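One structure is given below, encoded as structure tokens.
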Amino acid sequence: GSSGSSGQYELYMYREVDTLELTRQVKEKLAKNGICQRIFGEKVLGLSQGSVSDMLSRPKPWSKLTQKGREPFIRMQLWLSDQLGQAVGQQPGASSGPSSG
């Protein structure tokens, strides 16, 4: 009977989603936890820091996204429920400030 539950991307290979409400749900769940959507994009989604910014700010509809364009949105959809519980516990140790002298 009920057999999957975490809802792997194979559901979304066929069916459509509201990419605007998806990015919304994601942005909220991240904000509710003080997660920088940048580092989420970098690690979880796997995307460049500006590419994911443009994504979450001004997505395209599912109908525009090809399979390679849906990949980050799929990982977004999963992460909502799935949380992708590999591993947590490491910030990016590093920083810089400007200098001129």
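Residue numbering restarts at 1 in every chain; chains get A, B, ... in the order shown in the structure tokens, and ligands count up from 1 in that same order.
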
Quick one: everything within 8 Å of range 7-9 of chain A, counting only C-alpha atoms, minus sequence neighbours fewer than 2 positions away in the same chain. Send it as JSON, numbers by chain.
{"A": [4, 5, 11, 12, 13, 74, 78, 82]}

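The residue set within 12 Å of residue 51 in chain A, counting only C-alpha atoms and dropping same-chain residues fewer than 2 places from it, reads residues 37, 38, 41, 42, 45, 46, 47, 48, 49, 53, 54, 55, 56, 57, 58, 59, 69 and 72 of chain A.
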
For the selection just defined, write its residues with C-alpha atoms to a file, as an mmCIF file, in the first residue's frame.
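Wrote part_36.cif, looks like this:
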```cif
data_model
loop_
_atom_site.group_PDB
_atom_site.id
_atom_site.type_symbol
_atom_site.label_atom_id
_atom_site.label_comp_id
_atom_site.auth_asym_id
_atom_site.auth_seq_id
_atom_site.Cartn_x
_atom_site.Cartn_y
_atom_site.Cartn_z
ATOM 1 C CA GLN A 37 19.987 30.573 1.872
ATOM 2 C CA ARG A 38 23.411 31.093 0.187
ATOM 3 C CA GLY A 41 22.316 26.698 -2.066
ATOM 4 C CA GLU A 42 26.070 26.034 -2.056
ATOM 5 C CA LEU A 45 21.477 22.474 -3.798
ATOM 6 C CA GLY A 46 25.094 22.461 -5.065
ATOM 7 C CA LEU A 47 24.763 25.812 -6.953
ATOM 8 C CA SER A 48 26.755 29.043 -7.200
ATOM 9 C CA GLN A 49 25.973 31.714 -4.596
ATOM 10 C CA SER A 53 20.074 33.995 -5.278
ATOM 11 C CA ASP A 54 18.526 34.653 -8.718
ATOM 12 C CA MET A 55 16.649 31.317 -8.288
ATOM 13 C CA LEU A 56 15.011 32.047 -4.924
ATOM 14 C CA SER A 57 14.315 35.716 -5.858
ATOM 15 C CA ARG A 58 12.949 35.228 -9.428
ATOM 16 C CA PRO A 59 12.460 31.520 -10.316
ATOM 17 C CA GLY A 69 17.010 22.945 -14.780
ATOM 18 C CA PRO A 72 17.985 22.260 -7.938
#
```

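Ranking A:31, A:80, A:52, A:39 by their shortest atom-to-atom distance to residue 92 in chain A, with only C-alpha atoms included, puts A:39 first.
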
Members of chain A assigned helix (DSSP H, G or I) by DSSP, as number ranges by chain:
A: 19-31, 37-45, 49-57, 67-82

Write out as a VMD selection string which residues come within 12 Å of residue 87 in chain A when counting only C-alpha atoms, dropping same-chain ones fewer than 3 positions away.
chain A and resid 43 to 44 83 to 84 90 to 91

Could you please take those selected residues and save N, CA, C and O atoms as a PDB file, in the first residue's frame?
```pdb
ATOM      1  N   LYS A  43      25.805  24.126  -0.546  1.00  0.00           N
ATOM      2  CA  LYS A  43      26.011  22.781  -0.029  1.00  0.00           C
ATOM      3  C   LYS A  43      24.861  21.869  -0.447  1.00  0.00           C
ATOM      4  O   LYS A  43      25.084  20.886  -1.157  1.00  0.00           O
ATOM      5  N   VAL A  44      23.639  22.188  -0.016  1.00  0.00           N
ATOM      6  CA  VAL A  44      22.453  21.372  -0.264  1.00  0.00           C
ATOM      7  C   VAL A  44      22.173  21.331  -1.764  1.00  0.00           C
ATOM      8  O   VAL A  44      22.157  20.243  -2.338  1.00  0.00           O
ATOM      9  N   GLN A  83      14.582  16.734   4.517  1.00  0.00           N
ATOM     10  CA  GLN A  83      15.658  17.430   5.220  1.00  0.00           C
ATOM     11  C   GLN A  83      17.078  17.022   4.805  1.00  0.00           C
ATOM     12  O   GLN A  83      18.026  17.657   5.276  1.00  0.00           O
ATOM     13  N   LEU A  84      17.229  16.038   3.911  1.00  0.00           N
ATOM     14  CA  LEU A  84      18.466  15.388   3.491  1.00  0.00           C
ATOM     15  C   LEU A  84      19.413  15.156   4.660  1.00  0.00           C
ATOM     16  O   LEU A  84      20.454  15.816   4.784  1.00  0.00           O
ATOM     17  N   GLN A  90      29.097  21.499  10.390  1.00  0.00           N
ATOM     18  CA  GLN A  90      30.307  22.171   9.938  1.00  0.00           C
ATOM     19  C   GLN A  90      29.983  23.466   9.198  1.00  0.00           C
ATOM     20  O   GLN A  90      29.543  23.442   8.048  1.00  0.00           O
ATOM     21  N   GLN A  91      30.239  24.604   9.846  1.00  0.00           N
ATOM     22  CA  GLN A  91      30.281  25.903   9.183  1.00  0.00           C
ATOM     23  C   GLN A  91      31.539  26.038   8.310  1.00  0.00           C
ATOM     24  O   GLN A  91      32.555  25.393   8.608  1.00  0.00           O
TER      25      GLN A  91
END
```

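Minimum distance to residue 16 in chain A across A:98, A:35, A:61, A:88 (counting only C-alpha atoms) occurs at A:61.
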
Given the choices A:96, A:10, A:30, A:3, which gets closest to residue 71 in chain A if the distance is worked out from only C-alpha atoms?
A:10

Give the answer as one residue: which of A:29, A:101, A:93, A:21 has the shortest atom-to-atom distance to residue 73 in chain A, using only C-alpha atoms?
A:21

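The nearest approach to residue 24 in chain A among the residues A:2, A:77, A:100, A:95, with only C-alpha atoms taken into account, belongs to A:77.
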